[PDB]
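Chains as they are written, first to last, in the entry's author numbering: chain A, 2061 to 2150, 2162 to 2189, 2199 to 2206, 2321 to 2421; chain B, 2997 to 3004, 3030 to 3064, 3074 to 3134, 3159 to 3305, 3320 to 3403, 3428 to 3467, 3481 to 3557; chain C, 2747 to 2881, 2912 to 2933; chain D, 2633 to 2671, 2685 to 2735, 2745 to 2881, 2912 to 2944, 2977 to 2996.
One structure below.
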Amino acid sequence: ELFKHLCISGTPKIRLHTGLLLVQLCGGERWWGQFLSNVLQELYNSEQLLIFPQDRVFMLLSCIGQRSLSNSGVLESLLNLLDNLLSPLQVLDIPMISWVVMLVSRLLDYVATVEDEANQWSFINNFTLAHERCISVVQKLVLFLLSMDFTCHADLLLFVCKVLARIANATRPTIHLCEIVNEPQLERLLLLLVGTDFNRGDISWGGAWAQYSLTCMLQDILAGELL
Amino acid sequence: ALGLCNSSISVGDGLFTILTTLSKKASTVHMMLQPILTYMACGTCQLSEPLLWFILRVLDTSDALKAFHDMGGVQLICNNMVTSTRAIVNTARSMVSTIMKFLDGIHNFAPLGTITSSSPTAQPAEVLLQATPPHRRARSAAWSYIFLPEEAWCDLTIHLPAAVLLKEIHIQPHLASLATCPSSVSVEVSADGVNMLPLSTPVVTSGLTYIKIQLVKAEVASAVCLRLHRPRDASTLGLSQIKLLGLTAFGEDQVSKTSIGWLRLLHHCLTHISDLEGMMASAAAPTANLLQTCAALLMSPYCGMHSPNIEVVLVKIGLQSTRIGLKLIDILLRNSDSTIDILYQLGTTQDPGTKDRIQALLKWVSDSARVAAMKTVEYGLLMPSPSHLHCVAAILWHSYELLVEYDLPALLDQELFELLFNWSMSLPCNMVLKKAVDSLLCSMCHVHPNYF
Amino acid sequence: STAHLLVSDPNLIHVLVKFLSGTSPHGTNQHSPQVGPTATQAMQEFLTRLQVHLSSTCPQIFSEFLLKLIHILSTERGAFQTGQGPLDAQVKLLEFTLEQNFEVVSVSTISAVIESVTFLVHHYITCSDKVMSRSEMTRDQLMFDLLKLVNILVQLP
Amino acid sequence: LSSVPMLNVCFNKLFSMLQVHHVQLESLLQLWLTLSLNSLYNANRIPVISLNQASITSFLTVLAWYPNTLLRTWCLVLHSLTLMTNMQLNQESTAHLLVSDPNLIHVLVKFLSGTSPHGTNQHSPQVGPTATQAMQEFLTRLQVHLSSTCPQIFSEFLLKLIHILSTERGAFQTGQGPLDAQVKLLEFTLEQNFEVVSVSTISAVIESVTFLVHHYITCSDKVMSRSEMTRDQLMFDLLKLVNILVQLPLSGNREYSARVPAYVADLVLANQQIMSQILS
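Rendered as structure tokens:
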């Protein structure tokens, strides 16, 4: 209630200050990640009729998630929210999916930076996870990748590829493609990457950025497999 | 060859002229339309702007459209458009690029990266990486390289901090003394930054004051290796500034090769001659997933240049028959200004299928009022667009004003009025949903004064 | 006539193909295979004198010989396809062939030359280079002149 | 629980299904090169995606069928063929399979012929040091993989490539083609041993190269521009190659016979055309 009453209508200074209060106070709570997923689902829904500055409060959400990344519940609850969100790819909410995949992408880049201080995905910025739910959300992300048509766009494709590679490399052990895709799905991905049914002319599938992101995701999952 | 040539003395102009004269000098239009449709079927298919113009020009006459429909042309157009909409994902900048662009027009990337060479030079080449060094006198050179007699190539490897969409290389030699300009330059790109891979054959730049290596295909590259050859009669290399032009991930011909070309083909088929627009639309109707793909492409931002064609062909397909119009009404209300125009032109145009269309509109608004009364396919009933409700009100008003064949007040029911009244008082006055349902109530009371 | 004797044997076809093919095995400096304005003027004068001497008697054999030379230059492993040869001499031969009339020429050699040049121009467009150096007359003009030649050719009833 | 066999199955499906022009060759080669190198390029790296014999033959025939092969595609081809020599098959060697079919001969001839129909700027047909290094690495890996089993077929393939490049209407004669790649192929052929190679292909290549070098000397240019490496070095390297070749003694039925005491100098002495050409 304090988050929904202060960060929505308050000034940016008191918004940032009360977010800092919430992470320095209830950052280590066991329900913090569930609260973050709940406020994400109840603020950025496609049916949400509230007029609020989504971008700045999303930046605040990214800041407080990067603060609470020491807690292990935020990433688990956000990936569970993803798993619930693209469940119809076993309707689809493309904007909310985009919001949450960029949020978890920022959190996973902070995780990668922490692991570095204690590179293939640097063209965007200029902990231990359970195996089964990670496998489920990864294969659902791949099925979202394969079901991308003219309604879906290329930046979302880049970000789902990036977060797919990051979740595949973050889980212990690293998820391999055998439990990710079967033969038709991998054949569709390969023919989408190199076949001339989608790579004809200067408007090859998703553009060169999407081709590079797909290649980098496959290379990252392969390198995680052969470690 | 015409399918892969860009739009605006050129080879595409030549092919367009030979195809124009080949259409003019052809005797029967059937034997000219046959290779066109076999190309469309055998292609998915490659369809460019000059090819689109050539097909529109050969489909200028009424006999051309009749022969095109007779041997199965419209169905191939619809199937190709559906398959292309299913095939290529949208490359347009969505909301993600907008809300990540500020969190961190071709821009330079040389100052951001670093430079190195495989041989120990007398000076480092980082002076080449400046955005604009002072080029007014050019005393000796900005950077110089001394060549050993055994070697002939020297490589300048430029490592960028992140991979960029490289588009064109700029190499400026010593302008005061271009005797030291490289004879030939071979570019190399690396997306991962480690695997050097040659670009093209080395272009000869001897005697060139400025080297511009454009790429027809923009390449995602993080490292660029410029291998410069020894000059023709100089043992030294002199360079001034190297630029690395391109874009980042979030920093005419791009829409013609998509599904928009087949949609333009359908729009020209259904709108060039109105005498043939009905029966040919009867061929365009029963193709699978046409209306869903058309609405999905209409919801895309890339529709913003050709949106009148899309909405007009949707109107013609809707008023072709009753079932198709009812289905597209269902997918537009349950599953923007263009949709408002679609609903308006469906509801107020008079045909034998008008009564079923307004019945579907009233059933939709009654279902939305019911869902709002108790509180996948029901999402359009969870909240309706207020603009759609205002459009339904305008449809009912203009149907009451115009002379219609049906008994319009027979469709209006008192229970529907009670449902919309409870929906109106179920929510406060801040939102426009109240204004929409109240405009609908106003149209209801205008048709029925006894209801007021 | 001596022009009919010169055109009739295929040795003139082979000689013109050797000239426009621009082999030059001697060249350690195969830089630019163009033969220069004087050589292009000599070839144009030879072709113009052939046209003048065969205009009164039989332009059929001269136009058929010209189309055969274009077809053999533009076939597989030819000078037009591979890109070797004097670009100026070839484009001057094309611009001389544009002004000619092919109004009795056989349908077989016309079909052969249109098939060969259309395969070559589709192969030239689809398999183009991936870079371009920005700084006249190039092989772009050669392709445009070939396409103008076939625009003239397909209009022949 | 390794996904390597399913990747092998899918990549073999792509390499079998590109024959109907359904897969781009350059994109497949780049992706297969990147996915198999993640275990920086090296000629000693074993690719993690093992291909199929039918896949390799399909790649070779669609490569020899494909004209206007770009240098992107050519260096991708050379790196991919180096990796295809580096891999192992499950019992003949993959290098023997690559060398045995004439499609590799046609592919190397298309590479060293330097056609480039795309070029409006046919300035200098050299392919650059990286492409020459890729070709040298491919040839060196072929030599390494066929040194233990049968250098006969590799040296015979090299001599056949030299003969076809140097025959009438060839790349060595006409002067077209990458001069650096051709001179590097010659300098690689100099270090090879031709001590079992057949007398027939040796006689063919010596006749062809002697006709070419006599034709190059007698019909030279009439001017010279004075201002490195040129086709003069190519002719010198061909002459060094045949100096090595004529020194090879032959033993047996004078057919498919060198075996490290008549020599092939007697065979080239009996040929009046070759002797007349070198004397002229």
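All C-beta atoms, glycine included, are put in the ideal place defined by N, C-alpha and C.
Taking DSSP's pairing of strands, which residues face residue i in a bridge?
| i | result |
| --- | --- |
| B/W3207 | B/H3283 |
| C/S2879 | B/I3267 |
| residue 2967 of chain B | What the structure shows of chain B is the stretch from 2997 to 3557, and residue 2967 of chain B is not part of that stretch, so it cannot be assessed. |
| D/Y2979 | D/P2933 |
| B/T3290 | B/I3200 |
| C/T2828 | In the DSSP output, where bridge partners are listed per residue, C/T2828 has none listed. |
| B/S3389 | B/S3389 is not bridged to any residue. |
| D/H2750 | Note: D/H2750 sits in no beta bridge, so no partner. |
| B/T3168 | B/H3213 |
| B/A3275 | B/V3218 |
| A/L2178 | BP columns for A/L2178 are empty, so no partner. |
| B/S3240 | B/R3281 |
Decide if residue i is buried, meaning its Cβ has at least 16 other Cβ atoms within 10 Å, or exposed.
| i | result |
| --- | --- |
| B/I3160 | exposed |
| A/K2064 | exposed |
| D/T2786 | buried |
| A/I2124 | buried |
| B/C3534 | exposed |
| B/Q3322 | exposed |
| B/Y3199 | buried |
| B/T3234 | buried |
| A/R2090 | exposed |
| B/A3349 | buried |
| B/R3462 | exposed |
| B/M3549 | buried |
| D/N2937 | exposed |
| D/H2653 | exposed |
| D/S2996 | exposed |
| A/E2102 | exposed |
| D/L2866 | buried |
| C/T2784 | exposed |
Anything in chain A within Cβ reach of residue i, meaning under 8 Å, just list it in chain order.
| i | result |
| --- | --- |
| D/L2633 | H2370, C2372 and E2373 |
At 9 Å on the CB atoms, spell out the chain A contacts of residue i, in chain order.
| i | result |
| --- | --- |
| B/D3134 | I2204, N2205 and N2206 |
| D/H2654 | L2385, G2389, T2390 and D2391 |
Is any heavy atom of the ligand GDP found at a distance shorter than 7 Å from the C-beta of residue i?
| i | result |
| --- | --- |
| D/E2849 | Ligands in the displayed structure: none, and consequently the ligand GDP is not present. |
What does residue i reach in chain D if we use C-beta pairs closer than 7 Å?
| i | result |
| --- | --- |
| A/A2417 | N2670 |
| residue 2196 of chain A | The structure shown gives no position for residue 2196 of chain A: in chain A, residue numbering passes from 2189 to 2199 with nothing in between. |
Starting from residue i, find everything on chain B with Cβ-Cβ shorter than 7 Å and list it in chain order.
| i | result |
| --- | --- |
| D/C2720 | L3251 and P3252 |
| A/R2394 | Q3076 |
Going along chain D in order, which residues have a C-beta closer than 8 Å to the C-beta of residue i?
| i | result |
| --- | --- |
| B/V3032 | By Cβ distance, chain D contributes nothing, its closest Cβ being about 11 Å from B/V3032, past 8 Å. |
List the residues of chain B that residue i touches, going by C-beta distances under 8 Å, in chain order.
| i | result |
| --- | --- |
| C/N2927 | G3035, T3038, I3039 and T3042 |
| C/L2923 | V3032, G3035, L3036, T3038 and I3039 |
| C/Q2931 | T3042 and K3046 |
| C/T2872 | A2997 and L3000 |
At a CB-CB cut-off below 9 Å, which residues of chain G make contact with residue i?
| i | result |
| --- | --- |
| B/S3127 | No chain G appears in this structure, whose protein chains are A, B, C and D. |
In chain B, what lies closer than 9 Å to residue i by C-beta?
| i | result |
| --- | --- |
| A/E2102 | Within 9 Å Cβ-Cβ: nothing; A/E2102 doesn't reach chain B, min ~15 Å. |
Closer than 9 Å by beta-carbon distance: list the chain D residues that pair up with residue i, in chain order.
| i | result |
| --- | --- |
| A/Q2200 | Here the premise fails: no neighbours, minimum Cβ distance about 11 Å. |
So which residues on chain C does residue i lean against when the C-beta distance must stay under 7 Å?
| i | result |
| --- | --- |
| D/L2793 | Simply none; closest approach about 24 Å. |
Legend entry - At least 3 beta-carbon pairs within less than 8 Å: the stretch 2849–2868 of chain C vs the stretch 2638–2648 of chain D: No, because fewer than three Cβ pairs between the stretch 2849–2868 of chain C and the stretch 2638–2648 of chain D fall closer than 8 Å, the two stretches do not touch.
Legend entry - Inter-stretch contact at 8 Å, needing at least 3 Cβ pairs: the stretch 3493–3501 of chain B / the stretch 3428–3436 of chain B: Yes, they touch.
Inset, instruction - Would you check if there are 3 or more beta carbon pairs closer than 8 Å linking the stretch 3181–3201 of chain B to the stretch 3337–3351 of chain B? - result: no
Legend entry - Segment contact, 8 Å Cβ cut-off, at least three pairs: the stretch 3262–3278 of chain B with the stretch 2390–2409 of chain A: Taking 8 Å as the limit for Cβ pairs, the verdict is that the stretch 2390–2409 of chain A does touch the stretch 3262–3278 of chain B.
Legend entry - Stretch-stretch touch, CB-based, cutoff 8 Å, three pairs: the stretch 3352–3368 of chain B with the stretch 3112–3129 of chain B: The way I'd put it, the stretch 3352–3368 of chain B does touch the stretch 3112–3129 of chain B; three or more beta-carbon pairs between them come closer than 8 Å.
Legend entry - Secondary structure, beta strand (DSSP E): runs of 3+ residues fully inside the stretch 3505–3530 of chain B: Correct list: empty.
Legend entry - Three or more C-beta pairs below 8 Å linking the stretch 2868–2876 of chain C and the stretch 2813–2820 of chain D: No, they do not touch.
Inset, instruction - Check whether the stretch 2719–2729 of chain D touches the stretch 2789–2799 of chain D, counting contact only when three or more Cβ pairs, one atom from each stretch, lie closer than 8 Å. - result: Judged by Cβ distances under 8 Å, the stretch 2719–2729 of chain D makes contact with the stretch 2789–2799 of chain D, as three or more pairs qualify.
Legend entry - Any 3 or more C-beta pairs closer than 8 Å across the stretch 2823–2834 of chain D and the stretch 2766–2780 of chain C: Yes, the stretch 2823–2834 of chain D is in contact with the stretch 2766–2780 of chain C.
Legend entry - Every unbroken alpha helix (DSSP H) within the stretch 2817–2866 of chain C, with a cutoff of 4 residues, ordered by chain: 2825–2828 and 2833–2844
Inset, instruction - Could you tell me whether the stretch 3207–3223 of chain B touches the stretch 3282–3299 of chain B, where touching means 3 or more Cβ pairs closer than 8 Å? - result: yes
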